[PDB]
Amino acid sequence: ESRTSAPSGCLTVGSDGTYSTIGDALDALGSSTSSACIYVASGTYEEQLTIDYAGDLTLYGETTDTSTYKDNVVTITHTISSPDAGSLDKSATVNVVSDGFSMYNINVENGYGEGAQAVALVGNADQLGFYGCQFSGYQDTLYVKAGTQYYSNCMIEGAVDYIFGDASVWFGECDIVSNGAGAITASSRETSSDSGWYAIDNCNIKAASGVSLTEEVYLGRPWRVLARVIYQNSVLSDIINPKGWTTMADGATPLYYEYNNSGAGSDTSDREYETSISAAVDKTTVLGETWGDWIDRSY
Ligand SMILES: [Cl-]
């Protein structure tokens, strides 16, 4: 589908919309628990946002093709590092603390670059769905902090711990793009009672164009001692170090898995820190039995 005007009932943001900024449309929602939506027309929006709406909010970006992130024309950008902002969350260009939030075809970036942690988006709520979005940074790009989250046909770009936190999160058909040496995931799963996983499924892991990172990228390292991550049914380019995984938390006992991956970085013979698994995990394991209620199936 093309989405070139506001879907039914949505507030409009843009040069020729009701609101000039995304923040103004968010503010206009006020204190309601009704479901709502906002359509954002093409543009670069220099804004830092907290999504804390009480109801179920959907944020749609304009695009000629909703099925991909590649034609996105809406970018939300802001630049600050966590040392300057005061916390990881306060560094985020977009901070999602509203359950049931969905975002379609929007690009989110932190323009800080290499040198310190600078979050593009923090997901800190349950039943979060992201479809055809881009998330760009260097260190700590995508803070999957907590809650059940689903990313489909997204582009996640970074270098150092650029998917990190304790969300239970499923990445499907995403392009995961390294723009520097480092570990892709940094799960903070920390106790046995924590039922969370990161699952990277039918994804494509590769270098950013123009950057040579042969064997300089790790699938992950453990931010806390019980980090749990599986890469399955995915393509891994030659960026992946033969060891696969590296270290971080002292005394870590990570649960790190690979299943049915292909590509030049998919040879497992020299891996370290892995555990055997005989089948891929499913979304019921990662997100719970109710995932069919909130995930956009039609997408
Ligand atoms: Cl919190």
# chains A, B, ... in the order shown; residues from 1 in each chain; ligands from 1
>>> closest_atom_pairs(of="chain A", to="ligand 1", cutoff="9 Å", atoms="only C-alpha atoms and all ligand atoms", output="CSV")
residue,atom,partner,partner_atom_place_in_ligand_line,distance
A:89,CA,ligand 1,1 (Cl),8.8
A:97,CA,ligand 1,1 (Cl),8.4
A:124,CA,ligand 1,1 (Cl),7.0
A:145,CA,ligand 1,1 (Cl),8.3
A:146,CA,ligand 1,1 (Cl),8.2
>>> write_last_selection(atoms="C-alpha atoms", output="PDB file, in the first residue's frame")
ATOM      1  CA  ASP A  89      16.448   7.536  28.491  1.00  0.00           C
ATOM      2  CA  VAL A  97       6.443   4.604  27.622  1.00  0.00           C
ATOM      3  CA  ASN A 124       9.876   0.945  27.600  1.00  0.00           C
ATOM      4  CA  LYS A 145      14.634  -1.411  27.689  1.00  0.00           C
ATOM      5  CA  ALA A 146      11.641  -3.447  28.876  1.00  0.00           C
TER       6      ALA A 146
END
>>> select_by_dssp(residues="segment 6-201 of chain A", states="strand (DSSP E)", output="JSON, numbers by chain")
{"A": [11, 12, 13, 36, 37, 38, 39, 40, 43, 44, 45, 46, 49, 50, 51, 57, 58, 59, 60, 61, 74, 75, 76, 77, 78, 94, 95, 96, 102, 103, 104, 107, 108, 109, 110, 121, 122, 123, 124, 128, 129, 130, 131, 134, 135, 136, 142, 143, 144, 145, 146, 148, 149, 150, 151, 152, 155, 156, 157, 158, 163, 164, 165, 168, 169, 170, 171, 172, 175, 176, 177, 178, 182, 183, 184, 185, 186, 187, 198, 199, 200, 201]}
>>> write_last_selection(atoms="C-alpha atoms", output="PDB file, in the first residue's frame")
ATOM      1  CA  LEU A  11      -4.510  13.771  13.379  1.00  0.00           C
ATOM      2  CA  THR A  12      -2.312  15.320  10.679  1.00  0.00           C
ATOM      3  CA  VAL A  13       1.195  16.697  11.050  1.00  0.00           C
ATOM      4  CA  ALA A  36      -5.802   7.367  18.554  1.00  0.00           C
ATOM      5  CA  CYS A  37      -3.609   7.905  15.563  1.00  0.00           C
ATOM      6  CA  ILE A  38      -1.371  10.539  14.029  1.00  0.00           C
ATOM      7  CA  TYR A  39      -0.250  10.754  10.394  1.00  0.00           C
ATOM      8  CA  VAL A  40       3.039  12.531   9.753  1.00  0.00           C
ATOM      9  CA  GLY A  43       9.803  16.168   6.523  1.00  0.00           C
ATOM     10  CA  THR A  44      12.654  16.246   8.961  1.00  0.00           C
ATOM     11  CA  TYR A  45      11.307  16.935  12.438  1.00  0.00           C
ATOM     12  CA  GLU A  46      13.937  18.268  14.821  1.00  0.00           C
ATOM     13  CA  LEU A  49       9.641  13.192  22.090  1.00  0.00           C
ATOM     14  CA  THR A  50       8.157  11.200  24.958  1.00  0.00           C
ATOM     15  CA  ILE A  51       5.221   9.013  23.987  1.00  0.00           C
ATOM     16  CA  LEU A  57      -1.565   5.291  19.849  1.00  0.00           C
ATOM     17  CA  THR A  58      -0.527   4.553  16.284  1.00  0.00           C
ATOM     18  CA  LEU A  59       1.942   6.840  14.516  1.00  0.00           C
ATOM     19  CA  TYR A  60       1.995   6.590  10.717  1.00  0.00           C
ATOM     20  CA  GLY A  61       4.571   8.053   8.356  1.00  0.00           C
ATOM     21  CA  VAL A  74       9.655  11.197   7.689  1.00  0.00           C
ATOM     22  CA  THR A  75      12.684  11.581   9.943  1.00  0.00           C
ATOM     23  CA  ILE A  76      12.650  12.475  13.636  1.00  0.00           C
ATOM     24  CA  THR A  77      16.092  13.716  14.675  1.00  0.00           C
ATOM     25  CA  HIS A  78      17.780  15.106  17.784  1.00  0.00           C
ATOM     26  CA  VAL A  94      11.976   9.172  21.020  1.00  0.00           C
ATOM     27  CA  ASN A  95      11.031   7.643  24.385  1.00  0.00           C
ATOM     28  CA  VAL A  96       8.099   5.222  24.246  1.00  0.00           C
ATOM     29  CA  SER A 102       2.630   1.187  17.072  1.00  0.00           C
ATOM     30  CA  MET A 103       4.787   3.088  14.599  1.00  0.00           C
ATOM     31  CA  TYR A 104       4.818   2.673  10.807  1.00  0.00           C
ATOM     32  CA  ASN A 107      12.914   7.124  10.712  1.00  0.00           C
ATOM     33  CA  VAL A 108      14.329   7.939  14.176  1.00  0.00           C
ATOM     34  CA  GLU A 109      17.901   9.077  14.678  1.00  0.00           C
ATOM     35  CA  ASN A 110      20.286  10.417  17.263  1.00  0.00           C
ATOM     36  CA  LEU A 121      14.613   5.222  20.424  1.00  0.00           C
ATOM     37  CA  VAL A 122      13.810   3.683  23.790  1.00  0.00           C
ATOM     38  CA  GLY A 123      11.025   1.118  23.976  1.00  0.00           C
ATOM     39  CA  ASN A 124       9.876   0.945  27.600  1.00  0.00           C
ATOM     40  CA  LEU A 128       5.098  -2.202  21.101  1.00  0.00           C
ATOM     41  CA  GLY A 129       5.026  -2.712  17.345  1.00  0.00           C
ATOM     42  CA  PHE A 130       7.365  -1.159  14.809  1.00  0.00           C
ATOM     43  CA  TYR A 131       6.829  -1.669  11.086  1.00  0.00           C
ATOM     44  CA  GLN A 134      14.581   3.016  10.708  1.00  0.00           C
ATOM     45  CA  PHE A 135      16.598   3.531  13.874  1.00  0.00           C
ATOM     46  CA  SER A 136      20.042   5.064  13.455  1.00  0.00           C
ATOM     47  CA  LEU A 142      17.934   1.051  20.033  1.00  0.00           C
ATOM     48  CA  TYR A 143      17.149   0.739  23.730  1.00  0.00           C
ATOM     49  CA  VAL A 144      14.786  -2.217  24.014  1.00  0.00           C
ATOM     50  CA  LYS A 145      14.634  -1.411  27.689  1.00  0.00           C
ATOM     51  CA  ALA A 146      11.641  -3.447  28.876  1.00  0.00           C
ATOM     52  CA  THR A 148       7.205  -7.107  24.838  1.00  0.00           C
ATOM     53  CA  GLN A 149       8.230  -5.611  21.493  1.00  0.00           C
ATOM     54  CA  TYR A 150       7.947  -6.542  17.827  1.00  0.00           C
ATOM     55  CA  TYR A 151      10.003  -5.061  14.964  1.00  0.00           C
ATOM     56  CA  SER A 152       9.159  -6.003  11.390  1.00  0.00           C
ATOM     57  CA  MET A 155      16.424  -1.041   9.651  1.00  0.00           C
ATOM     58  CA  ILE A 156      18.444  -0.895  12.888  1.00  0.00           C
ATOM     59  CA  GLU A 157      21.856   0.736  12.497  1.00  0.00           C
ATOM     60  CA  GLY A 158      24.737   1.145  14.921  1.00  0.00           C
ATOM     61  CA  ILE A 163      20.245  -3.292  20.422  1.00  0.00           C
ATOM     62  CA  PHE A 164      20.323  -3.375  24.216  1.00  0.00           C
ATOM     63  CA  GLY A 165      18.174  -3.704  27.362  1.00  0.00           C
ATOM     64  CA  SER A 168      11.477  -9.496  25.299  1.00  0.00           C
ATOM     65  CA  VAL A 169      11.765  -8.631  21.644  1.00  0.00           C
ATOM     66  CA  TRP A 170      11.247 -10.216  18.238  1.00  0.00           C
ATOM     67  CA  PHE A 171      12.980  -8.787  15.171  1.00  0.00           C
ATOM     68  CA  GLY A 172      11.500 -10.179  11.944  1.00  0.00           C
ATOM     69  CA  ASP A 175      18.064  -5.265   8.203  1.00  0.00           C
ATOM     70  CA  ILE A 176      20.571  -4.993  11.024  1.00  0.00           C
ATOM     71  CA  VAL A 177      23.404  -2.771   9.844  1.00  0.00           C
ATOM     72  CA  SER A 178      26.762  -2.249  11.561  1.00  0.00           C
ATOM     73  CA  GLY A 182      31.325  -3.784  18.224  1.00  0.00           C
ATOM     74  CA  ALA A 183      28.622  -6.105  19.517  1.00  0.00           C
ATOM     75  CA  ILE A 184      25.149  -5.913  18.029  1.00  0.00           C
ATOM     76  CA  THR A 185      23.127  -7.009  21.084  1.00  0.00           C
ATOM     77  CA  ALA A 186      23.650  -6.255  24.745  1.00  0.00           C
ATOM     78  CA  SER A 187      20.855  -7.938  26.716  1.00  0.00           C
ATOM     79  CA  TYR A 198      15.828 -11.468  22.029  1.00  0.00           C
ATOM     80  CA  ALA A 199      14.923 -13.341  18.849  1.00  0.00           C
ATOM     81  CA  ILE A 200      16.414 -12.182  15.540  1.00  0.00           C
ATOM     82  CA  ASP A 201      14.449 -14.046  12.890  1.00  0.00           C
TER      83      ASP A 201
END
>>> closest_atom_pairs(of="segment 235-274 of chain A", to="segment 217-224 of chain A", cutoff="10 Å", atoms="only C-alpha atoms", output="Markdown table")
| residue | atom | partner | partner_atom | distance |
| --- | --- | --- | --- | --- |
| A:236 | CA | A:219 | CA | 9.4 |
| A:237 | CA | A:217 | CA | 9.9 |
| A:238 | CA | A:217 | CA | 9.0 |
| A:239 | CA | A:217 | CA | 5.4 |
| A:240 | CA | A:217 | CA | 4.8 |
| A:241 | CA | A:217 | CA | 5.7 |
| A:242 | CA | A:218 | CA | 8.6 |
| A:243 | CA | A:218 | CA | 7.9 |
| A:244 | CA | A:218 | CA | 5.3 |
| A:245 | CA | A:220 | CA | 5.2 |
| A:246 | CA | A:221 | CA | 5.0 |
| A:247 | CA | A:221 | CA | 5.2 |
| A:248 | CA | A:222 | CA | 5.4 |
| A:249 | CA | A:224 | CA | 5.5 |
| A:250 | CA | A:224 | CA | 8.4 |
| A:251 | CA | A:224 | CA | 9.2 |
| A:252 | CA | A:222 | CA | 6.6 |
| A:253 | CA | A:222 | CA | 8.3 |
| A:254 | CA | A:222 | CA | 6.4 |
| A:255 | CA | A:222 | CA | 9.3 |
| A:256 | CA | A:220 | CA | 8.5 |
| A:257 | CA | A:219 | CA | 9.9 |
| A:258 | CA | A:219 | CA | 9.8 |
| A:265 | CA | A:217 | CA | 9.8 |
| A:273 | CA | A:221 | CA | 9.5 |
>>> residues_around(residues="residue 118 of chain A", least_positions_apart="4", cutoff="8 Å", atoms="only C-alpha atoms", output="VMD selection string")
chain A and resid 79 to 82 88 91 to 92 110 112 to 113 137 to 141
>>> atom_distance(atom1="atom CA of residue 227 of chain A", atom2="atom CA of residue 174 of chain A")
20.9 Å
>>> select_by_dssp(residues="segment 33-266 of chain A", states="helix (DSSP H, G or I)", output="ChimeraX atom specification")
/A:82-85,89-91
>>> write_last_selection(atoms="C-alpha atoms", output="PDB file, in the first residue's frame")
ATOM      1  CA  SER A  82      23.613  10.232  27.757  1.00  0.00           C
ATOM      2  CA  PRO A  83      26.413  11.882  29.775  1.00  0.00           C
ATOM      3  CA  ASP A  84      25.121  15.298  28.630  1.00  0.00           C
ATOM      4  CA  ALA A  85      21.406  14.377  28.933  1.00  0.00           C
ATOM      5  CA  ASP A  89      16.448   7.536  28.491  1.00  0.00           C
ATOM      6  CA  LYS A  90      16.936  11.307  28.520  1.00  0.00           C
ATOM      7  CA  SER A  91      19.311  10.986  25.525  1.00  0.00           C
TER       8      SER A  91
END
>>> residues_around(residues="residue 14 of chain A", least_positions_apart="6", cutoff="7 Å", atoms="only C-alpha atoms", output="VMD selection string")
chain A and resid 20 to 21 40 to 42
>>> write_last_selection(atoms="N, CA, C and O atoms", output="PDB file, in the first residue's frame")
ATOM      1  N   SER A  20       2.048  21.550  12.993  1.00  0.00           N
ATOM      2  CA  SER A  20       3.339  21.782  12.348  1.00  0.00           C
ATOM      3  C   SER A  20       4.418  20.840  12.880  1.00  0.00           C
ATOM      4  O   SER A  20       5.370  20.522  12.166  1.00  0.00           O
ATOM      5  N   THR A  21       4.278  20.419  14.140  1.00  0.00           N
ATOM      6  CA  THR A  21       5.234  19.499  14.769  1.00  0.00           C
ATOM      7  C   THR A  21       4.524  18.228  15.261  1.00  0.00           C
ATOM      8  O   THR A  21       3.309  18.209  15.487  1.00  0.00           O
ATOM      9  N   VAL A  40       1.971  11.557   9.895  1.00  0.00           N
ATOM     10  CA  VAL A  40       3.039  12.531   9.753  1.00  0.00           C
ATOM     11  C   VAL A  40       3.437  12.591   8.287  1.00  0.00           C
ATOM     12  O   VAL A  40       3.900  11.588   7.706  1.00  0.00           O
ATOM     13  N   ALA A  41       3.264  13.771   7.698  1.00  0.00           N
ATOM     14  CA  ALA A  41       3.679  14.023   6.338  1.00  0.00           C
ATOM     15  C   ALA A  41       5.191  14.162   6.267  1.00  0.00           C
ATOM     16  O   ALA A  41       5.871  14.373   7.279  1.00  0.00           O
ATOM     17  N   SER A  42       5.700  14.037   5.050  1.00  0.00           N
ATOM     18  CA  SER A  42       7.120  14.158   4.759  1.00  0.00           C
ATOM     19  C   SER A  42       7.776  15.338   5.469  1.00  0.00           C
ATOM     20  O   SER A  42       7.196  16.420   5.584  1.00  0.00           O
TER      21      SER A  42
END
>>> residues_around(residues="residue 293 of chain A", least_positions_apart="2", cutoff="12 Å", atoms="only C-alpha atoms", output="JSON, numbers by chain")
{"A": [100, 127, 128, 129, 284, 287, 288, 289, 290, 291, 295, 296, 297]}
